[PDB]
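Scroll down for the structure; my scribbles are underneath it.
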Amino acid sequence: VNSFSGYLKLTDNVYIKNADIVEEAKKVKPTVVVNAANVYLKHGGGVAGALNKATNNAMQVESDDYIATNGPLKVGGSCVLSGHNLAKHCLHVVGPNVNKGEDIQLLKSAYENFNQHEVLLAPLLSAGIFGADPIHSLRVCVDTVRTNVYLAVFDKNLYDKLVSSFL
Ligand SMILES: O=C(Nc1ccc(C(=O)N[C@@H]2c3cccc(O)c3C[C@@H]2C(=O)O)c(O)c1)NC1CC1
């Protein structure tokens with residue numbers, strides 16, 4: 001039993017809810033919140049900008065030190081940093097950005113990072129301003145993640161479409 005509430009169950013391990021992932025992290029304080037990161041951990045907009053803003057820019061400060069030490073992530077890769085006031089940990093995962101021409105096959109590799117954590121609060125990778133089809137992202141998520149994932153979808157219209165079209 002866990003504290004996530006009001007989710008629709010899609011499969012044995014994947015749950016989804018129309019919710020602002022920022023509001024959901026503050027309320028649950030999950031062990032892991034996933035950020036929709038880029039390779040530079042520059043949290044400007046979309047999900048990333050929102051999570052960083054909620055940390056009063058502490059996420060960005062920590063991220064800049066991480067990059068200065070380690071260099072950029074790989075597309076499809078991840079790193080674990082602090083969850084600040086939102087979660088114990090933040091798993092920064094880089095999905096391909098279609099608006100940069102990145103290979104959509106990297107989306108499966110990106111979701112494989114979730115398998116290193118037993119339970120996660122997460123957004124759909126590569127959706128929103130990353131430019132991929134969210135229906136496809138959900139399919140890849142279900143078919144790749146084996147650990148327990150609770151997906152927050154900000155847009156109600158999109159949430160309904162994801163549920164209604166789910167096979
Ligand atoms: O500002 C926020 N939250 C917040 C959450 C998500 C996002 C975001 O961009 N989502 C993305 C989005 C939007 C529309 C269609 C989409 O396919 C996606 C993918 C992604 C998502 O929905 O996962 C955001 O811009 C801000 N909270 C403050 C009031 C406290």
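Ordering of the structure tokens sets the chain letters (A, B, ...), residue numbers begin anew at 1 in every chain, and ligands are numbered from 1 in the order given.
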Would you tabulate, counting only C-alpha atoms, all residues of region 50-123 of chain A that have an atom at most 12 Å from an atom of region 7-19 of chain A, showing the closest pair of atoms and their distance in Å to one decimal, sorted by chain then ascending number, as a Markdown table?
| residue | atom | partner | partner_atom | distance |
| --- | --- | --- | --- | --- |
| A:114 | CA | A:14 | CA | 11.7 |
| A:115 | CA | A:13 | CA | 11.3 |
| A:118 | CA | A:13 | CA | 10.2 |
| A:119 | CA | A:13 | CA | 9.4 |
| A:120 | CA | A:14 | CA | 10.0 |
| A:121 | CA | A:15 | CA | 9.7 |
| A:122 | CA | A:16 | CA | 9.5 |
| A:123 | CA | A:16 | CA | 9.4 |
Those residues with C-alpha atoms, as a JSON list (two decimals), in the first residue's frame please?
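Dumped everything to selection_2.json:
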[["chain", "number", "residue", "atom", "x", "y", "z"],
["A", 114, "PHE", "CA", 12.67, 4.03, -14.23],
["A", 115, "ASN", "CA", 13.37, 0.31, -13.63],
["A", 118, "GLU", "CA", 10.69, 0.50, -7.15],
["A", 119, "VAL", "CA", 8.13, 3.34, -7.13],
["A", 120, "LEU", "CA", 8.12, 6.68, -8.99],
["A", 121, "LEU", "CA", 5.97, 9.75, -9.58],
["A", 122, "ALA", "CA", 6.63, 10.77, -13.16],
["A", 123, "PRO", "CA", 5.45, 12.67, -16.29]]
Close residues to ligand 1 using only C-alpha atoms and all ligand atoms, limit 6 Å, as JSON, numbers by chain: {"A": [20, 21, 22, 46, 47, 50, 123, 124, 127, 128, 134, 153, 154, 155]}
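Counting from CA of residue 35 (chain A), the distance to CA of residue 167 (chain A) is 26.1 Å.
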Per-residue DSSP, chain A, filtered to strand (DSSP E), as a PyMOL selection string: chain A and resi 8-9+14-18+32-36+78-82+89-93+119-122+148-153
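Residue nearest residue 110 (chain A), chosen from A:84, A:136, A:74, A:89 and counting only C-alpha atoms: A:74.
Those residues that approach region 36-39 of chain A to within 9 Å, counting only C-alpha atoms, are residues 46, 47, 48, 71, 72, 73, 74, 75, 77, 78, 91, 92, 93, 94, 95, 96, 97, 122, 123, 124, 125, 126, 127 and 130 of chain A; same-chain residues fewer than 6 positions away are not listed.
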Could you dump the residues just selected with C-alpha atoms as a JSON list (two decimals), in the first residue's frame?
[["chain", "number", "residue", "atom", "x", "y", "z"],
["A", 46, "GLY", "CA", 7.73, 22.47, -19.27],
["A", 47, "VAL", "CA", 7.79, 20.02, -16.38],
["A", 48, "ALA", "CA", 11.42, 20.88, -15.53],
["A", 71, "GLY", "CA", 29.50, 17.05, -17.90],
["A", 72, "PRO", "CA", 26.22, 16.62, -19.75],
["A", 73, "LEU", "CA", 23.97, 13.61, -19.61],
["A", 74, "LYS", "CA", 23.23, 11.43, -22.64],
["A", 75, "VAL", "CA", 19.88, 11.56, -24.42],
["A", 77, "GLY", "CA", 20.21, 8.78, -19.76],
["A", 78, "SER", "CA", 19.58, 9.96, -16.23],
["A", 91, "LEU", "CA", 15.52, 11.20, -11.12],
["A", 92, "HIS", "CA", 16.43, 13.55, -13.97],
["A", 93, "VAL", "CA", 15.64, 11.60, -17.16],
["A", 94, "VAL", "CA", 16.44, 12.87, -20.66],
["A", 95, "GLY", "CA", 13.89, 11.76, -23.28],
["A", 96, "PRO", "CA", 14.52, 12.63, -26.94],
["A", 97, "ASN", "CA", 13.35, 16.10, -27.97],
["A", 122, "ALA", "CA", 6.63, 10.77, -13.16],
["A", 123, "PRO", "CA", 5.45, 12.67, -16.29],
["A", 124, "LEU", "CA", 5.21, 11.17, -19.76],
["A", 125, "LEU", "CA", 8.70, 11.34, -21.22],
["A", 126, "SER", "CA", 9.21, 13.37, -24.40],
["A", 127, "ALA", "CA", 5.66, 14.78, -24.19],
["A", 130, "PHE", "CA", 9.67, 17.77, -26.11]]
Using only C-alpha atoms, what does the table of region 10-51 of chain A residues within 9 Å of region 57-61 of chain A look like, with each row giving the shortest atom pair and its distance in Å to one decimal, sorted by chain and ascending number, as a Markdown table?
| residue | atom | partner | partner_atom | distance |
| --- | --- | --- | --- | --- |
| A:41 | CA | A:60 | CA | 7.4 |
| A:42 | CA | A:60 | CA | 7.0 |
| A:43 | CA | A:60 | CA | 6.6 |
| A:51 | CA | A:59 | CA | 8.0 |
Pairwise distance for CA of residue 135 (chain A) and CA of residue 101 (chain A), rounded to one decimal in Å: 19.0 Å
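Interatomic distance, CA of residue 32 (chain A) to CA of residue 151 (chain A): 12.2 Å.
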Secondary structure check, helix (DSSP H, G or I) residues of region 6-37 of chain A, as a PyMOL selection string: chain A and resi 21-28
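If only C-alpha atoms are the atoms counted, then among A:138, A:149, A:132, A:88 the closest residue to residue 116 (chain A) is A:149.
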Residue among A:113, A:129, A:82, A:143 lying closest to residue 100 (chain A), counting only C-alpha atoms: A:129
